[PDB]
């Protein structure tokens, strides 16, 4: 069977179509027909070609101290990032930041030189 297109159905002894992101398996394939895929209901999603019986619930609204970098769409879960003044202290596997921390502010006579791998400010002295 073809990757991200179909899967092997041991009971029907044939490959059956996978459902595209934004859809889920409404009816498995059988001797007569191939998979029947339904549209994800509102506030739900599927991000990969799947055999899912239902779509996944989108995580709730981000909030004031977060920016909604990725909206909740039939193919995308909602993704929340820290604002530009902060960096993430604990990331979720999908990139969603659970915990934001403010970036270090450079003191008087200092300025931004760049950021470290964690996203925090690196300060240099101004000449």
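Positions refer to the first chain, counted from 1.
According to the PDB record, 91-99 carries the higher mean C-alpha B-factor of the two stretches 91-99 and 49-57. Remark: stretch with higher mean C-alpha B factor among 37-45 and 60-68 is 60-68.
Looking at the C-alpha B-factors along this chain, the one for residue 86 belongs to the middle third.
Remark: residue 78 belongs to the lowest third of its chain, ranked by C-alpha B-factor as recorded. Residue 11: CA B factor in the highest third of modelled residues in this chain (values from the PDB entry).
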